[PDB]
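Source file: model17.cif. Holds: mmCIF, C-alpha atoms.
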```cif
data_query
loop_
_atom_site.group_PDB
_atom_site.id
_atom_site.type_symbol
_atom_site.label_atom_id
_atom_site.label_comp_id
_atom_site.auth_asym_id
_atom_site.auth_seq_id
_atom_site.Cartn_x
_atom_site.Cartn_y
_atom_site.Cartn_z
ATOM 1 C CA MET A 1 -90.331 -188.552 -13.909
ATOM 2 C CA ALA A 2 -86.748 -189.471 -12.969
ATOM 3 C CA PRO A 3 -84.801 -186.365 -11.868
ATOM 4 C CA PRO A 4 -81.420 -185.450 -13.377
ATOM 5 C CA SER A 5 -79.545 -186.565 -10.257
ATOM 6 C CA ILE A 6 -80.669 -190.170 -10.771
ATOM 7 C CA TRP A 7 -79.732 -190.029 -14.462
ATOM 8 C CA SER A 8 -76.286 -188.709 -13.539
ATOM 9 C CA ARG A 9 -75.753 -191.947 -11.600
ATOM 10 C CA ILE A 10 -75.715 -193.896 -14.883
ATOM 11 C CA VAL A 11 -72.157 -193.883 -16.252
ATOM 12 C CA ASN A 12 -70.728 -195.722 -19.243
ATOM 13 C CA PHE A 13 -68.596 -198.705 -18.241
ATOM 14 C CA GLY A 14 -66.620 -201.049 -20.456
ATOM 15 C CA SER A 15 -68.805 -202.006 -23.416
ATOM 16 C CA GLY A 16 -72.054 -200.637 -21.988
ATOM 17 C CA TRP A 17 -73.162 -198.946 -18.775
ATOM 18 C CA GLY A 18 -73.376 -199.253 -15.011
ATOM 19 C CA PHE A 19 -75.037 -197.491 -12.098
ATOM 20 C CA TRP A 20 -74.105 -195.760 -8.852
ATOM 21 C CA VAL A 21 -76.064 -196.861 -5.796
ATOM 22 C CA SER A 22 -73.861 -194.818 -3.405
ATOM 23 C CA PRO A 23 -70.572 -192.860 -3.466
ATOM 24 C CA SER A 24 -68.864 -196.251 -3.157
ATOM 25 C CA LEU A 25 -71.238 -198.885 -4.623
ATOM 26 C CA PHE A 26 -71.494 -199.390 -8.391
ATOM 27 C CA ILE A 27 -73.514 -202.064 -10.204
ATOM 28 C CA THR A 28 -73.388 -203.323 -13.788
ATOM 29 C CA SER A 29 -73.668 -206.473 -15.901
ATOM 30 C CA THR A 30 -70.874 -208.998 -16.313
ATOM 31 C CA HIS A 31 -70.768 -208.924 -20.137
ATOM 32 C CA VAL A 32 -69.620 -205.274 -20.147
ATOM 33 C CA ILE A 33 -66.787 -205.685 -17.596
ATOM 34 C CA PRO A 34 -63.541 -205.431 -19.653
ATOM 35 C CA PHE A 40 -61.436 -199.055 -12.856
ATOM 36 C CA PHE A 41 -62.319 -195.383 -12.380
ATOM 37 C CA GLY A 42 -58.714 -194.715 -11.370
ATOM 38 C CA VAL A 43 -58.808 -197.339 -8.595
ATOM 39 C CA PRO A 44 -56.602 -200.451 -8.937
ATOM 40 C CA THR A 45 -58.484 -203.522 -10.126
ATOM 41 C CA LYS A 46 -57.177 -205.282 -6.997
ATOM 42 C CA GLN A 47 -58.287 -202.581 -4.526
ATOM 43 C CA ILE A 48 -61.949 -203.294 -5.378
ATOM 44 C CA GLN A 49 -64.491 -205.846 -4.179
ATOM 45 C CA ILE A 50 -65.889 -207.639 -7.247
ATOM 46 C CA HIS A 51 -68.757 -209.957 -6.253
ATOM 47 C CA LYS A 52 -70.211 -211.264 -9.504
ATOM 48 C CA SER A 53 -73.607 -212.892 -8.990
ATOM 49 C CA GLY A 54 -74.687 -214.203 -12.389
ATOM 50 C CA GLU A 55 -74.770 -211.572 -15.163
ATOM 51 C CA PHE A 56 -74.876 -209.045 -12.288
ATOM 52 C CA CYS A 57 -71.866 -207.512 -10.573
ATOM 53 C CA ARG A 58 -71.285 -205.225 -7.590
ATOM 54 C CA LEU A 59 -68.162 -203.054 -7.281
ATOM 55 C CA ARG A 60 -67.306 -201.549 -3.881
ATOM 56 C CA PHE A 61 -64.497 -198.974 -3.594
ATOM 57 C CA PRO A 62 -62.548 -198.291 -0.374
ATOM 58 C CA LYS A 63 -63.054 -194.533 -0.847
ATOM 59 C CA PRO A 64 -66.185 -192.683 -1.998
ATOM 60 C CA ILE A 65 -66.060 -191.746 -5.677
ATOM 61 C CA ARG A 66 -69.502 -190.165 -6.206
ATOM 62 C CA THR A 67 -69.876 -188.101 -3.041
ATOM 63 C CA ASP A 68 -72.618 -186.132 -4.814
ATOM 64 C CA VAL A 69 -74.865 -189.209 -4.697
ATOM 65 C CA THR A 70 -77.104 -190.261 -1.820
ATOM 66 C CA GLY A 71 -77.503 -193.843 -0.669
ATOM 67 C CA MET A 72 -80.385 -195.360 -2.646
ATOM 68 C CA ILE A 73 -82.117 -198.628 -1.801
ATOM 69 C CA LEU A 74 -81.166 -201.612 -3.979
ATOM 70 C CA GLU A 75 -83.504 -204.597 -3.707
ATOM 71 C CA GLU A 76 -83.295 -207.965 -5.434
ATOM 72 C CA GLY A 77 -86.252 -207.349 -7.745
ATOM 73 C CA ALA A 78 -89.713 -205.851 -7.983
ATOM 74 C CA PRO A 79 -92.981 -207.417 -6.781
ATOM 75 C CA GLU A 80 -94.872 -208.930 -9.698
ATOM 76 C CA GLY A 81 -96.817 -206.197 -11.477
ATOM 77 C CA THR A 82 -94.518 -203.316 -10.534
ATOM 78 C CA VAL A 83 -94.123 -200.900 -13.461
ATOM 79 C CA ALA A 84 -90.365 -200.488 -13.355
ATOM 80 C CA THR A 85 -88.527 -198.009 -15.586
ATOM 81 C CA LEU A 86 -85.555 -199.185 -17.663
ATOM 82 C CA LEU A 87 -83.267 -196.126 -17.758
ATOM 83 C CA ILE A 88 -81.241 -196.664 -20.932
ATOM 84 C CA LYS A 89 -78.566 -194.182 -21.958
ATOM 85 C CA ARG A 90 -77.120 -194.116 -25.471
ATOM 86 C CA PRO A 91 -73.677 -193.003 -26.696
ATOM 87 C CA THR A 92 -75.192 -189.984 -28.465
ATOM 88 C CA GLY A 93 -76.393 -188.658 -25.095
ATOM 89 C CA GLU A 94 -80.061 -189.519 -25.615
ATOM 90 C CA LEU A 95 -82.025 -190.558 -22.534
ATOM 91 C CA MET A 96 -84.370 -193.485 -23.263
ATOM 92 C CA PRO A 97 -86.803 -194.185 -20.411
ATOM 93 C CA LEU A 98 -88.862 -197.314 -21.029
ATOM 94 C CA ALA A 99 -91.844 -198.462 -18.978
ATOM 95 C CA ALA A 100 -91.410 -202.136 -18.057
ATOM 96 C CA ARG A 101 -94.157 -204.165 -16.390
ATOM 97 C CA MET A 102 -91.918 -206.816 -14.783
ATOM 98 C CA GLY A 117 -89.357 -208.776 -10.915
ATOM 99 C CA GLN A 118 -86.837 -210.402 -13.248
ATOM 100 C CA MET A 119 -88.537 -210.517 -16.675
ATOM 101 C CA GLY A 120 -90.246 -207.449 -18.113
ATOM 102 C CA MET A 121 -92.711 -206.438 -20.817
ATOM 103 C CA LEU A 122 -92.210 -203.062 -22.469
ATOM 104 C CA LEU A 123 -95.242 -200.806 -22.872
ATOM 105 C CA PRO A 137 -76.588 -203.334 -28.571
ATOM 106 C CA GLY A 138 -74.462 -202.042 -25.712
ATOM 107 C CA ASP A 139 -77.377 -201.104 -23.448
ATOM 108 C CA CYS A 140 -76.632 -203.861 -20.924
ATOM 109 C CA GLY A 141 -75.878 -202.616 -17.420
ATOM 110 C CA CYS A 142 -78.477 -199.843 -17.374
ATOM 111 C CA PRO A 143 -80.548 -199.980 -14.181
ATOM 112 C CA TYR A 144 -84.172 -200.745 -13.354
ATOM 113 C CA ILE A 145 -85.938 -198.278 -11.051
ATOM 114 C CA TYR A 146 -89.395 -198.062 -9.513
ATOM 115 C CA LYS A 147 -90.711 -195.416 -7.130
ATOM 116 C CA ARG A 148 -92.141 -196.487 -3.765
ATOM 117 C CA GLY A 149 -93.165 -193.693 -1.453
ATOM 118 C CA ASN A 150 -90.950 -190.604 -1.531
ATOM 119 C CA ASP A 151 -87.882 -192.736 -2.343
ATOM 120 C CA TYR A 152 -86.580 -194.594 -5.394
ATOM 121 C CA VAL A 153 -85.545 -198.254 -5.507
ATOM 122 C CA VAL A 154 -83.078 -200.056 -7.775
ATOM 123 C CA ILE A 155 -83.886 -203.668 -8.656
ATOM 124 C CA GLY A 156 -81.137 -204.755 -11.051
ATOM 125 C CA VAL A 157 -79.504 -204.040 -14.396
ATOM 126 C CA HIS A 158 -80.206 -204.592 -18.083
ATOM 127 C CA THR A 159 -79.012 -208.035 -19.220
ATOM 128 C CA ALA A 160 -80.522 -208.710 -22.659
ATOM 129 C CA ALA A 161 -83.570 -208.056 -24.820
ATOM 130 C CA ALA A 162 -84.950 -209.236 -28.158
ATOM 131 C CA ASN A 166 -90.737 -206.373 -26.572
ATOM 132 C CA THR A 167 -88.995 -208.742 -24.165
ATOM 133 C CA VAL A 168 -86.568 -207.491 -21.517
ATOM 134 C CA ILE A 169 -84.587 -209.111 -18.699
ATOM 135 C CA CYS A 170 -83.222 -207.634 -15.467
ATOM 136 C CA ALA A 171 -80.256 -209.097 -13.600
ATOM 137 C CA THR A 172 -80.820 -209.592 -9.876
ATOM 138 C CA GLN A 173 -78.545 -209.182 -6.843
ATOM 139 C CA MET B 1 -82.885 -176.636 -11.672
ATOM 140 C CA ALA B 2 -83.449 -177.934 -15.222
ATOM 141 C CA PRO B 3 -85.045 -181.080 -16.670
ATOM 142 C CA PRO B 4 -83.142 -184.114 -17.981
ATOM 143 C CA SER B 5 -83.741 -183.336 -21.659
ATOM 144 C CA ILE B 6 -81.772 -180.100 -21.242
ATOM 145 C CA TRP B 7 -78.937 -181.898 -19.444
ATOM 146 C CA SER B 8 -78.786 -184.628 -22.101
ATOM 147 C CA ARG B 9 -77.934 -181.923 -24.654
ATOM 148 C CA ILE B 10 -74.560 -181.533 -22.891
ATOM 149 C CA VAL B 11 -71.964 -183.966 -24.252
ATOM 150 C CA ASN B 12 -68.203 -184.393 -24.095
ATOM 151 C CA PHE B 13 -66.388 -182.731 -27.013
ATOM 152 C CA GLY B 14 -62.629 -183.135 -26.807
ATOM 153 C CA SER B 15 -60.936 -181.310 -23.948
ATOM 154 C CA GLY B 16 -64.331 -180.346 -22.520
ATOM 155 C CA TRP B 17 -68.001 -180.305 -23.497
ATOM 156 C CA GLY B 18 -70.546 -178.970 -25.980
ATOM 157 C CA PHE B 19 -74.249 -178.288 -26.309
ATOM 158 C CA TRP B 20 -76.817 -179.487 -28.849
ATOM 159 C CA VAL B 21 -79.026 -176.425 -29.247
ATOM 160 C CA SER B 22 -81.028 -178.223 -31.946
ATOM 161 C CA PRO B 23 -80.717 -181.565 -33.801
ATOM 162 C CA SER B 24 -78.162 -179.938 -36.122
ATOM 163 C CA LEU B 25 -76.792 -176.933 -34.182
ATOM 164 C CA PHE B 26 -73.946 -177.625 -31.740
ATOM 165 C CA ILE B 27 -72.322 -174.806 -29.764
ATOM 166 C CA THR B 28 -69.022 -175.233 -27.927
ATOM 167 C CA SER B 29 -65.719 -173.497 -27.148
ATOM 168 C CA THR B 30 -63.133 -172.990 -29.881
ATOM 169 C CA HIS B 31 -60.363 -174.170 -27.552
ATOM 170 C CA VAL B 32 -61.877 -177.552 -26.599
ATOM 171 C CA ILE B 33 -62.107 -178.655 -30.243
ATOM 172 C CA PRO B 34 -60.111 -181.887 -30.719
ATOM 173 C CA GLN B 35 -56.987 -181.880 -32.862
ATOM 174 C CA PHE B 40 -66.744 -184.741 -35.300
ATOM 175 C CA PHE B 41 -69.616 -187.023 -34.245
ATOM 176 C CA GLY B 42 -68.671 -189.175 -37.217
ATOM 177 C CA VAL B 43 -68.711 -186.317 -39.730
ATOM 178 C CA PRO B 44 -65.935 -184.979 -42.000
ATOM 179 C CA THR B 45 -64.552 -181.736 -40.616
ATOM 180 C CA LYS B 46 -65.017 -180.368 -44.142
ATOM 181 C CA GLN B 47 -68.698 -181.351 -44.211
ATOM 182 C CA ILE B 48 -69.374 -179.315 -41.047
ATOM 183 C CA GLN B 49 -70.271 -175.619 -41.313
ATOM 184 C CA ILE B 50 -68.025 -174.131 -38.626
ATOM 185 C CA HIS B 51 -68.474 -170.551 -37.415
ATOM 186 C CA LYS B 52 -66.374 -168.775 -34.783
ATOM 187 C CA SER B 53 -66.837 -165.489 -32.907
ATOM 188 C CA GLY B 54 -63.964 -165.421 -30.423
ATOM 189 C CA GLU B 55 -64.042 -168.494 -28.179
ATOM 190 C CA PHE B 56 -67.564 -169.374 -29.387
ATOM 191 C CA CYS B 57 -67.822 -172.178 -31.958
ATOM 192 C CA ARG B 58 -71.150 -172.898 -33.675
ATOM 193 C CA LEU B 59 -71.309 -176.092 -35.747
ATOM 194 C CA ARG B 60 -74.236 -176.585 -38.123
ATOM 195 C CA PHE B 61 -74.206 -180.122 -39.517
ATOM 196 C CA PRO B 62 -75.660 -181.116 -42.903
ATOM 197 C CA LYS B 63 -77.770 -183.946 -41.445
ATOM 198 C CA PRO B 64 -79.820 -183.893 -38.217
ATOM 199 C CA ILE B 65 -77.722 -185.989 -35.849
ATOM 200 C CA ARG B 66 -79.499 -185.492 -32.508
ATOM 201 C CA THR B 67 -83.079 -186.347 -33.452
ATOM 202 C CA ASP B 68 -84.177 -186.994 -29.854
ATOM 203 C CA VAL B 69 -83.915 -183.305 -28.909
ATOM 204 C CA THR B 70 -85.895 -180.258 -30.039
ATOM 205 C CA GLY B 71 -84.953 -176.749 -31.088
ATOM 206 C CA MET B 72 -84.207 -174.226 -28.353
ATOM 207 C CA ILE B 73 -83.789 -170.456 -28.283
ATOM 208 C CA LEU B 74 -80.168 -169.304 -28.624
ATOM 209 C CA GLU B 75 -79.397 -165.668 -27.805
ATOM 210 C CA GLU B 76 -76.331 -163.427 -27.647
ATOM 211 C CA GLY B 77 -75.807 -163.359 -23.905
ATOM 212 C CA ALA B 78 -78.314 -161.838 -21.509
ATOM 213 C CA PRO B 79 -78.955 -158.295 -20.249
ATOM 214 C CA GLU B 80 -76.844 -157.178 -17.317
ATOM 215 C CA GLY B 81 -78.060 -158.524 -13.985
ATOM 216 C CA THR B 82 -79.669 -161.687 -15.348
ATOM 217 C CA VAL B 83 -79.083 -164.771 -13.196
ATOM 218 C CA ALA B 84 -78.211 -167.629 -15.543
ATOM 219 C CA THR B 85 -77.482 -171.254 -14.647
ATOM 220 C CA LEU B 86 -74.163 -172.688 -15.807
ATOM 221 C CA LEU B 87 -74.929 -176.392 -16.325
ATOM 222 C CA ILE B 88 -71.652 -178.135 -15.500
ATOM 223 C CA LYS B 89 -71.096 -181.829 -16.136
ATOM 224 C CA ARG B 90 -67.986 -183.334 -14.610
ATOM 225 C CA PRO B 91 -66.347 -186.397 -16.212
ATOM 226 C CA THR B 92 -67.255 -188.379 -13.077
ATOM 227 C CA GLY B 93 -70.933 -188.039 -14.065
ATOM 228 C CA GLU B 94 -71.874 -185.539 -11.348
ATOM 229 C CA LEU B 95 -74.049 -182.551 -12.257
ATOM 230 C CA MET B 96 -73.258 -179.040 -10.990
ATOM 231 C CA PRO B 97 -75.805 -176.330 -11.807
ATOM 232 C CA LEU B 98 -74.182 -173.060 -10.735
ATOM 233 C CA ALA B 99 -75.993 -169.732 -10.594
ATOM 234 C CA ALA B 100 -74.212 -166.857 -12.326
ATOM 235 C CA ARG B 101 -75.084 -163.153 -12.256
ATOM 236 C CA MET B 102 -74.260 -162.121 -15.818
ATOM 237 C CA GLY B 103 -72.380 -158.833 -16.084
ATOM 238 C CA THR B 104 -71.056 -156.845 -19.026
ATOM 239 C CA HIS B 105 -68.641 -157.909 -21.755
ATOM 240 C CA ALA B 106 -64.949 -157.810 -20.889
ATOM 241 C CA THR B 107 -61.547 -159.106 -21.991
ATOM 242 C CA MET B 108 -58.926 -160.756 -19.798
ATOM 243 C CA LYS B 109 -55.742 -162.820 -19.773
ATOM 244 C CA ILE B 110 -55.848 -166.336 -18.334
ATOM 245 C CA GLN B 111 -53.353 -169.125 -19.079
ATOM 246 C CA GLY B 112 -51.431 -166.966 -21.540
ATOM 247 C CA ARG B 113 -54.569 -166.369 -23.592
ATOM 248 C CA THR B 114 -56.637 -163.234 -24.176
ATOM 249 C CA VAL B 115 -60.282 -164.276 -23.754
ATOM 250 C CA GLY B 116 -63.466 -162.369 -24.509
ATOM 251 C CA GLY B 117 -67.077 -163.018 -23.606
ATOM 252 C CA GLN B 118 -69.923 -161.962 -21.349
ATOM 253 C CA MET B 119 -68.569 -161.832 -17.816
ATOM 254 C CA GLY B 120 -70.603 -163.518 -15.121
ATOM 255 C CA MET B 121 -70.085 -164.376 -11.489
ATOM 256 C CA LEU B 122 -70.811 -167.502 -9.500
ATOM 257 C CA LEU B 123 -72.989 -166.924 -6.435
ATOM 258 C CA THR B 124 -73.461 -168.868 -3.203
ATOM 259 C CA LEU B 133 -67.524 -175.501 -5.364
ATOM 260 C CA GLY B 134 -65.922 -173.894 -8.408
ATOM 261 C CA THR B 135 -65.195 -174.269 -12.115
ATOM 262 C CA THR B 136 -62.297 -176.029 -13.839
ATOM 263 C CA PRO B 137 -60.842 -175.783 -17.358
ATOM 264 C CA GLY B 138 -62.332 -179.200 -18.111
ATOM 265 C CA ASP B 139 -65.782 -177.651 -17.639
ATOM 266 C CA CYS B 140 -65.501 -175.402 -20.705
ATOM 267 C CA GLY B 141 -68.090 -175.988 -23.404
ATOM 268 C CA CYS B 142 -71.038 -176.248 -21.011
ATOM 269 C CA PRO B 143 -74.033 -173.925 -21.381
ATOM 270 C CA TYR B 144 -75.306 -170.852 -19.615
ATOM 271 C CA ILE B 145 -79.099 -171.185 -19.517
ATOM 272 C CA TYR B 146 -81.915 -169.121 -18.020
ATOM 273 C CA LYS B 147 -85.645 -169.782 -18.263
ATOM 274 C CA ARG B 148 -87.943 -167.162 -19.806
ATOM 275 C CA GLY B 149 -91.512 -168.180 -19.031
ATOM 276 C CA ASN B 150 -91.859 -171.725 -20.339
ATOM 277 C CA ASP B 151 -88.988 -171.559 -22.851
ATOM 278 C CA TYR B 152 -85.464 -172.470 -21.807
ATOM 279 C CA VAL B 153 -82.905 -170.116 -23.344
ATOM 280 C CA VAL B 154 -79.196 -170.600 -24.065
ATOM 281 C CA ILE B 155 -77.019 -167.485 -23.892
ATOM 282 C CA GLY B 156 -73.566 -168.923 -24.580
ATOM 283 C CA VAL B 157 -70.898 -171.353 -23.430
ATOM 284 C CA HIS B 158 -68.313 -171.477 -20.663
ATOM 285 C CA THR B 159 -64.857 -170.604 -21.992
ATOM 286 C CA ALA B 160 -62.659 -169.373 -19.110
ATOM 287 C CA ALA B 161 -62.510 -168.706 -15.376
ATOM 288 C CA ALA B 162 -60.413 -166.435 -13.189
ATOM 289 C CA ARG B 163 -57.470 -167.972 -11.353
ATOM 290 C CA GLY B 164 -58.930 -167.643 -7.859
ATOM 291 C CA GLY B 165 -62.026 -165.545 -8.377
ATOM 292 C CA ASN B 166 -65.609 -166.505 -9.082
ATOM 293 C CA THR B 167 -65.525 -164.422 -12.264
ATOM 294 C CA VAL B 168 -66.410 -166.519 -15.313
ATOM 295 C CA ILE B 169 -66.562 -165.824 -19.049
ATOM 296 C CA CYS B 170 -69.507 -166.852 -21.234
ATOM 297 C CA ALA B 171 -68.694 -167.111 -24.933
ATOM 298 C CA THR B 172 -71.507 -165.344 -26.805
ATOM 299 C CA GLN B 173 -72.609 -164.642 -30.388
#
```

I'd like the structure from this file rewritten - as structure tokens, please.
Amino acid sequence: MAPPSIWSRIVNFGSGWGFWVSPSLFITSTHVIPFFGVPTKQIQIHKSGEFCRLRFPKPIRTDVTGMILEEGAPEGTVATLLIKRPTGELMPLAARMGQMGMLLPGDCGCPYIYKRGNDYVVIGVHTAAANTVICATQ
Amino acid sequence: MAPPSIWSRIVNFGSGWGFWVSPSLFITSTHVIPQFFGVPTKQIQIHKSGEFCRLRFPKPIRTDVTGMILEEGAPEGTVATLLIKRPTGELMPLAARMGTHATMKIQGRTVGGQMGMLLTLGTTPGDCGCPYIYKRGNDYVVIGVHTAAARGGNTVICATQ
């Protein structure tokens, strides 16, 4: 259901994963932050509570289109937790959810997506789980 | 292009990449082999046919994937898709018109494989190990692995067998 281009946005970072919103915007969780060739000082790091945004002065992923990132998902939205594993396996997981989710480590940082019209929407990143799941917000 | 499950079979293997044809079969390029997947190099059944390296492991490692048809190249004129992954994460499916088998010198190294040509950015040595794939009905089919590329040309070599 999620095309390869959106999977390619998910890239391993630190101890887990992160996600490309644009050629220059990259989101992840704070527990995986130990950058991509760019000095750690030439980046905007705006941590926001187990959620972190990284903005580079130059595009890094020019292959990637600008995708909408919202705070969360309206209650009842069936988001999709796109977990990647070190072996290369892709693990899509249907989550009912806007901040806490019900399914139907090193995974933290993987994004939450839900399709609205002919365009995808990011709503946060994987924070922790132990059927329960949690999604970090802006 | 191709679905995610096919792309997820492509993984970094040393200097370049490799391809999980089945849960236990792993094709790659002999030159990208590091100097595997948490397995003793002795325990792995290695086979080589030029710059083509086929690794059959004793235990199914990649249980998420399925078996896929692996063939010795493709007939002349077939348009295969070289599935390139770059270390930045980007995906680059490139169409290639497979030609005949040839032998050439590149980087002080005599290379052999099924020549192909990229059709309307370009390949890099870090891209070796990635698969040439063309769909035959419903079945996706692997024909070999990227092993070399001409200095300036769009000629490309596909390790076969």

Which chain B residues are at most 6 Å from chain A (counting all atoms listed in the file), as a list in words?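 The complete set of qualifying residues is residues 4, 8, 93 and 94 of chain B.
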
Can you pull out every residue within 12 Å of residue 159 (chain B), counting only C-alpha atoms, but drop anything in the same chain fewer than 3 positions away, and send it as JSON, numbers by chain? {"B": [15, 16, 17, 18, 27, 28, 29, 30, 31, 32, 33, 54, 55, 56, 57, 86, 107, 108, 110, 111, 113, 114, 115, 116, 117, 118, 119, 120, 135, 136, 137, 138, 139, 140, 141, 142, 143, 144, 156, 162, 167, 168, 169, 170, 171, 172]}

Measuring between all atoms listed in the file, which one of B:91, B:79, B:23, B:3 shows the shortest distance to residue 59 (chain B)?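 Under the stated criterion, the closest residue is B:23.
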
Find the residue from B:71, B:64, B:44, B:134 that sits nearest to residue 165 (chain B); use only C-alpha atoms when measuring.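 Among B:71, B:64, B:44, B:134, it is B:134 that comes nearest to residue 165 (chain B).
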
Within 9 Å of residue 18 (chain A), counting all atoms listed in the file, which residues show up once you throw out same-chain ones fewer than 6 positions away? Write them as a ChimeraX atom specification, please. /A:9-12,26-29,32,140-143,157

Residues just named, written with C-alpha atoms as a PDB file, in the coordinates of the input:
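Dumped to again.pdb:
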```
ATOM      1  CA  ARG A   9     -75.753-191.947 -11.600  1.00  0.00           C
ATOM      2  CA  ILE A  10     -75.715-193.896 -14.883  1.00  0.00           C
ATOM      3  CA  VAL A  11     -72.157-193.883 -16.252  1.00  0.00           C
ATOM      4  CA  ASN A  12     -70.728-195.722 -19.243  1.00  0.00           C
ATOM      5  CA  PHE A  26     -71.494-199.390  -8.391  1.00  0.00           C
ATOM      6  CA  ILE A  27     -73.514-202.064 -10.204  1.00  0.00           C
ATOM      7  CA  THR A  28     -73.388-203.323 -13.788  1.00  0.00           C
ATOM      8  CA  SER A  29     -73.668-206.473 -15.901  1.00  0.00           C
ATOM      9  CA  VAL A  32     -69.620-205.274 -20.147  1.00  0.00           C
ATOM     10  CA  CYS A 140     -76.632-203.861 -20.924  1.00  0.00           C
ATOM     11  CA  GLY A 141     -75.878-202.616 -17.420  1.00  0.00           C
ATOM     12  CA  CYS A 142     -78.477-199.843 -17.374  1.00  0.00           C
ATOM     13  CA  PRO A 143     -80.548-199.980 -14.181  1.00  0.00           C
ATOM     14  CA  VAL A 157     -79.504-204.040 -14.396  1.00  0.00           C
TER      15      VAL A 157
END
```

Could you expand the PyMOL selection byres ((chain A and resi 158-166) around 12) into the explicit residues it covers here, written as an NGL selection string? :A and (16-19 or 27-32 or 54-57 or 84-89 or 98-102 or 118-123 or 137-145 or 154-157 or 167-172)

Write to file, as a PDB file, keeping the file's coordinate frame, the residues of the selection just made, with C-alpha atoms.
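Once written, selection-v7.pdb looks like this:
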```pdb
ATOM      1  CA  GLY A  16     -72.054-200.637 -21.988  1.00  0.00           C
ATOM      2  CA  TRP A  17     -73.162-198.946 -18.775  1.00  0.00           C
ATOM      3  CA  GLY A  18     -73.376-199.253 -15.011  1.00  0.00           C
ATOM      4  CA  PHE A  19     -75.037-197.491 -12.098  1.00  0.00           C
ATOM      5  CA  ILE A  27     -73.514-202.064 -10.204  1.00  0.00           C
ATOM      6  CA  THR A  28     -73.388-203.323 -13.788  1.00  0.00           C
ATOM      7  CA  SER A  29     -73.668-206.473 -15.901  1.00  0.00           C
ATOM      8  CA  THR A  30     -70.874-208.998 -16.313  1.00  0.00           C
ATOM      9  CA  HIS A  31     -70.768-208.924 -20.137  1.00  0.00           C
ATOM     10  CA  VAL A  32     -69.620-205.274 -20.147  1.00  0.00           C
ATOM     11  CA  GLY A  54     -74.687-214.203 -12.389  1.00  0.00           C
ATOM     12  CA  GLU A  55     -74.770-211.572 -15.163  1.00  0.00           C
ATOM     13  CA  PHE A  56     -74.876-209.045 -12.288  1.00  0.00           C
ATOM     14  CA  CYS A  57     -71.866-207.512 -10.573  1.00  0.00           C
ATOM     15  CA  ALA A  84     -90.365-200.488 -13.355  1.00  0.00           C
ATOM     16  CA  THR A  85     -88.527-198.009 -15.586  1.00  0.00           C
ATOM     17  CA  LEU A  86     -85.555-199.185 -17.663  1.00  0.00           C
ATOM     18  CA  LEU A  87     -83.267-196.126 -17.758  1.00  0.00           C
ATOM     19  CA  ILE A  88     -81.241-196.664 -20.932  1.00  0.00           C
ATOM     20  CA  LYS A  89     -78.566-194.182 -21.958  1.00  0.00           C
ATOM     21  CA  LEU A  98     -88.862-197.314 -21.029  1.00  0.00           C
ATOM     22  CA  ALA A  99     -91.844-198.462 -18.978  1.00  0.00           C
ATOM     23  CA  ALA A 100     -91.410-202.136 -18.057  1.00  0.00           C
ATOM     24  CA  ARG A 101     -94.157-204.165 -16.390  1.00  0.00           C
ATOM     25  CA  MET A 102     -91.918-206.816 -14.783  1.00  0.00           C
ATOM     26  CA  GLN A 118     -86.837-210.402 -13.248  1.00  0.00           C
ATOM     27  CA  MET A 119     -88.537-210.517 -16.675  1.00  0.00           C
ATOM     28  CA  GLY A 120     -90.246-207.449 -18.113  1.00  0.00           C
ATOM     29  CA  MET A 121     -92.711-206.438 -20.817  1.00  0.00           C
ATOM     30  CA  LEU A 122     -92.210-203.062 -22.469  1.00  0.00           C
ATOM     31  CA  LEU A 123     -95.242-200.806 -22.872  1.00  0.00           C
ATOM     32  CA  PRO A 137     -76.588-203.334 -28.571  1.00  0.00           C
ATOM     33  CA  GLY A 138     -74.462-202.042 -25.712  1.00  0.00           C
ATOM     34  CA  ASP A 139     -77.377-201.104 -23.448  1.00  0.00           C
ATOM     35  CA  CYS A 140     -76.632-203.861 -20.924  1.00  0.00           C
ATOM     36  CA  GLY A 141     -75.878-202.616 -17.420  1.00  0.00           C
ATOM     37  CA  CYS A 142     -78.477-199.843 -17.374  1.00  0.00           C
ATOM     38  CA  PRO A 143     -80.548-199.980 -14.181  1.00  0.00           C
ATOM     39  CA  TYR A 144     -84.172-200.745 -13.354  1.00  0.00           C
ATOM     40  CA  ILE A 145     -85.938-198.278 -11.051  1.00  0.00           C
ATOM     41  CA  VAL A 154     -83.078-200.056  -7.775  1.00  0.00           C
ATOM     42  CA  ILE A 155     -83.886-203.668  -8.656  1.00  0.00           C
ATOM     43  CA  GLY A 156     -81.137-204.755 -11.051  1.00  0.00           C
ATOM     44  CA  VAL A 157     -79.504-204.040 -14.396  1.00  0.00           C
ATOM     45  CA  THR A 167     -88.995-208.742 -24.165  1.00  0.00           C
ATOM     46  CA  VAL A 168     -86.568-207.491 -21.517  1.00  0.00           C
ATOM     47  CA  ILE A 169     -84.587-209.111 -18.699  1.00  0.00           C
ATOM     48  CA  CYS A 170     -83.222-207.634 -15.467  1.00  0.00           C
ATOM     49  CA  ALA A 171     -80.256-209.097 -13.600  1.00  0.00           C
ATOM     50  CA  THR A 172     -80.820-209.592  -9.876  1.00  0.00           C
TER      51      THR A 172
END
```

Using all atoms listed in the file, the best pick from B:21, B:87, B:96, B:2 as closest to residue 61 (chain B) would be B:21
